[PDB]
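Undergrad: model the structure of this input:
(chains A and B)
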Amino acid sequence: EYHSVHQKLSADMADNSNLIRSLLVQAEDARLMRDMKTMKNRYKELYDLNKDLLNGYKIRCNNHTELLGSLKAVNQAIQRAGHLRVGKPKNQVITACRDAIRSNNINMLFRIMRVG
Amino acid sequence: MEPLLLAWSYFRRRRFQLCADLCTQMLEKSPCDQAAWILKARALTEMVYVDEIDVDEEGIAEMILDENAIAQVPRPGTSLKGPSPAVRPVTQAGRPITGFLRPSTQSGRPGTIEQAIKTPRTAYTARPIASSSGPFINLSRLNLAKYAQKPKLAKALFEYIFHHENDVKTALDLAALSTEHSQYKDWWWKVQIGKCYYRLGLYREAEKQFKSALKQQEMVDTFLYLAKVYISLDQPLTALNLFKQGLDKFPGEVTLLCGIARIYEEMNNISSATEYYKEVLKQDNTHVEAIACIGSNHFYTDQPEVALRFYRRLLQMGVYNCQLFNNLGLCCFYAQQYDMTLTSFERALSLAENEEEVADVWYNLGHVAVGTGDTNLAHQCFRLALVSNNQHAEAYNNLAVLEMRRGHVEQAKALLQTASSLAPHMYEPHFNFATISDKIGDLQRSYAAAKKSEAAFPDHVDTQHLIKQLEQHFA
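TA: Numbers count the residues shown, from 1 in each chain, chains lettered A, B, ... in the order given. Take a look:
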């Protein structure tokens, strides 16, 4: 779910960034013909979009740091499982857990961390 | 006969109005029928469908306000960002005019937003630039989490949302739910998510999906998609290696060879684009792109008979345009076939669905006339080219040349000033204005015009002699 939320937020922020670049061009145009009502309206819309995008940045960054915490938890758990066994079983358990997580076979992951 | 059957058979035969027309009935008759539902969805989304590969507007904002190329000043010959302007007409400082306008043509790029605004709207794209590049179903009512479970509905629904409604965010939501339903094992959903990304702006996040789709199953579609992605990141030599990899997979694909040739022409080394267009010809021999390009190149490198053959080929294959017939007229006249020359220009003037096409045909008829002599007919043709398209700088320049031939110097000066104001990238109006000024005097205007000529066609000869004489007069 962290993955999905980050994907949706990045999509929305790409949309708003494209909007902002369009508004920058439009404001430069309105300013080149000294049309100040429309220029000021473009600048207002840019201000509002920047506020919304900053809120979006805050929430994305927050979810992203949580995602990094989760990834480190997973990797450190695989390492804690491997570190419990000495010798050739270590990398065996490590690669087994990596393959059991690349296939999202969580039950096999815990099976190989328990006895395997 | 039956409603669903007749509608589906209308769909097979690509009617796309009747199909929907019977499904709308069949849906009013029964509020619970998804076959006719997705059939009407297919019909609606295919009346407007256009493949995403050859839709590369980019626009003004992307051109300046978006920086994605890693290298800022890469070696000349590895970035996208022949006959001289004395033979081949030009569009910018360089970039000679091409055959086969495609809606992905950038043909140079502006430097600043002001320059891009204060120029003609269709001087950097096949279409005028843009800042950003009842209803059957309301997108805010359906729960994409439930249509994602049914792939038979989900695929047509995504095609509808993406190509009909152009709702990239909801399309991406549906495609993400669908891909997670398929456990990331179908290349089609990966390609669609990559397209959603690519037109959202995220290129690397799209290249990831296109690479992961190539790993599933090689298809020409994904190869061309990665080619677009790599060209967007200003990486020609990666796109060429990827194209040769694809040709290693598909040994004789025409779209891949044509993409290689397009990249070689954007990099402007025609000596390989002709080779790859010749490979396309060895494969297709009806390809409008390769035939038009090799024909133009054959015409401008003083071989108009081979170009006339290459364009008579397109005439033989049922192509019926205003461009094709004007081209046939130019070729017939310059290849010295005076029997089929002017009837081609007449068919052109007949087929022209614009006011700029008519102006170009009248311009070329004036060229024919001035090649025949009788400068009055060419005078009339250039004036008609002006009357059709007021912003036609070549007509201004040629009409000013004919005026100064008559004797009216002030008319020629004003017309050359207008031409050089409309198209600064051209070199002939500047050179002629400088020449006439120097003939009468006004060495300041002569310098200001000859320097712009040298800025337009920097390897000219008469411009250099003019500049030397002027700088000598200044001491």
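
Undergrad: which residues does stretch B:2-11 contact?
TA: Under the criterion Cβ atoms under 8 Å, 6 or more residues apart in numbering or on different chains, residues B:16, B:18-19, B:21-23, B:25-26, B:35-36, B:39, B:42-43 lie in contact with stretch B:2-11. Where you see a C-beta, it was placed from the backbone N, CA and C, and this is true even at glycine.

Undergrad: and chain A, which of its residues are near chain B?
TA: A:4, A:7-8, A:10-12, A:14-15, A:17-19, A:21-22, A:24-26, A:28-29, A:32 (Cβ under 8 Å from any Cβ of the partner chain).

Undergrad: buried ones among those?
TA: Restricting these to buried positions leaves A:7, A:10-12, A:14, A:17-19, A:21-22, A:24-26, A:28-29, with burial counted as 16 or more other Cβ atoms under 10 Å in any protein chain shown.

Undergrad: ok, which pair from those is furthest apart?
TA: Taking every pair in those and measuring Cβ to Cβ, the maximum separation is 33.7 Å, between A:7 and A:29.

Undergrad: so of the contacts of stretch B:2-11, which ones are in strands?
TA: Under the assignment DSSP state E, those contribute nothing to strands.

Undergrad: quick check: longest helix of the chain.
TA: Picked chain A for this. In chain A, with assignment by DSSP state H, the single longest helix is helix A:36-82.

Undergrad: meant chain B, my bad for not saying
TA: Per DSSP H, chain B has its longest helix at helix B:356-372.

Undergrad: output the contacting helices and strands for it.
TA: Applying 3 or more Cβ pairs under 8 Å, 6 or more residues apart in numbering or on different chains; DSSP states H and E, one finds that helix B:356-372 contacts helix B:323-334, helix B:342-351, helix B:375-388, helix B:393-406.

Undergrad: ok, and what's touching that helix?
TA: Contacting residues not belonging to helix B:356-372 are listed as B:322-323, B:326, B:329-330, B:333, B:341-342, B:345, B:348-349, B:352, B:375, B:377-382, B:384-386, B:388-389, B:392, B:394-395, B:398, B:402 [Cβ under 8 Å, 6+ apart].

Undergrad: report the angle between it and helix B:375-388.
TA: For the pair helix B:356-372 and helix B:375-388, the angle between their directions (axes from the mean of the first three to the mean of the last three Cα atoms, to 10 degrees) equals 170 degrees.

Undergrad: for residue B:418, the count of nearby residues, please.
TA: Look at residue B:418: counted by other Cβ atoms under 10 Å in any protein chain shown, it has 20 neighbours.

Undergrad: let me fix that: residue B:130
TA: Neighbour count of residue B:130, defined by other Cβ under 10 Å: 15.

Undergrad: can you pull the contacts of it?
TA: Applying Cβ under 8 Å, 6+ apart, the residues near residue B:130 are B:57, B:59, B:60.

Undergrad: near chain A, which residues of chain B?
TA: For chain B, the contact set with chain A under Cβ under 8 Å from any Cβ comprises B:60-62, B:65-66, B:113-114, B:117-118, B:131-132, B:168-169, B:172-173, B:176, B:180, B:196, B:200-202, B:205.

Undergrad: for PyMOL, what selects the buried ones among those?
TA: The PyMOL command for the buried members of these (criterion: 16+ other Cβ under 10 Å) is given here:
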select buried, chain B and resi 60+61+62+65+113+117+131+168+169+172+173+176+196+200+201+202+205
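
Undergrad: keep only those of the residues of chain B next to chain A that are in helices.
TA: When the residues of chain B next to chain A are checked against helices (DSSP H), the matches are B:60-62, B:65, B:113-114, B:117, B:168-169, B:172-173, B:176, B:180, B:196, B:200, B:205.

Undergrad: so how far is residue B:9 from residue B:309?
TA: Relative to residue B:9, residue B:309 is positioned 43 Å away (Cβ to Cβ, to the nearest Å).

Undergrad: quick one on the thing from earlier: most neighbours among the contacts of stretch B:2-11, please name it.
TA: If you rank the contacts of stretch B:2-11 by neighbour count (other Cβ under 10 Å), residue B:23 sits at the top with 28 neighbours.

Undergrad: isn't that one right up against residue B:43?
TA: Yes. Under the criterion of Cβ atoms under 8 Å, residue B:23 is in contact with residue B:43, at a separation of 7.2 Å.

Undergrad: sort out which of the contacts of helix B:356-372 are buried, if you could.
TA: Among those, those classed as buried by neighbour count (16+ other Cβ under 10 Å) are B:322-323, B:326, B:329-330, B:333, B:341, B:345, B:348-349, B:352, B:378-379, B:381-382, B:384-386, B:388-389, B:392, B:394-395, B:398, B:402.

Undergrad: what sits closest to residue B:404 if chain neighbours are left out?
TA: The shortest distance from residue B:404 to any residue that is not its chain neighbour, by Cβ to Cβ, 6 or more residues apart in numbering or on different chains, is 3.9 Å, and that residue is residue B:412.

Undergrad: check contacts around the one you found.
TA: If you count contacts by Cβ under 8 Å, 6+ apart, residue B:412 has them with B:400, B:401, B:403, B:404, B:432, B:436.

Undergrad: quick check: angle from the one helix or strand it maps to to helix B:375-388?
TA: Here residue B:412 sits within helix B:409-422, counting by DSSP states H and E. Relative orientation of helix B:409-422 with respect to helix B:375-388: 40 degrees, computed using the same axes, to 10 degrees.

Undergrad: would you mind listing the buried residues in the following helix or strand past helix B:409-422?
TA: Tracing the chain past helix B:409-422, the next element assigned as helix or strand by DSSP H and E is helix B:428-440. Buried residues in helix B:428-440, counted by 16+ other Cβ under 10 Å: B:428, B:429, B:430, B:431, B:432, B:433, B:434, B:435, B:436, B:437, B:438.

Undergrad: next up, the contacts around residue A:63.
TA: With contact set as Cβ under 8 Å, 6+ apart, residue A:63 has these partners: A:2, A:5, A:6, A:9.

Undergrad: doesn't residue A:60 make contact with the third one?
TA: This means residue A:6. Yes. Taking contact to mean Cβ under 8 Å, the distance of 6.6 Å between residue A:6 and residue A:60 places them in contact.

Undergrad: picking up where we left off before, which among the contacts of residue B:130 gets closest to residue B:49?
TA: Closest to residue B:49, out of all of the contacts of residue B:130 and judged by Cβ to Cβ, is residue B:57, at 17.0 Å.

Undergrad: how about the contacts made by that closest one?
TA: When contacts are counted by Cβ under 8 Å, 6+ apart, residue B:57 is found next to B:103, B:125, B:127, B:130, B:133.

Undergrad: quick one: which two of these are the most distant?
TA: Between any two of the contacts of residue B:57, the greatest separation by Cβ to Cβ is 12.4 Å, found for B:103 and B:130.

Undergrad: show me which of residue A:6 and residue A:60 is the more surrounded one.
TA: residue A:60 (18 against 15).

Undergrad: any idea how far the more buried one is from chain B?
TA: Note on residue A:60: its distance to chain B, by Cβ to the nearest Cβ, to the nearest Å, is 14 Å.
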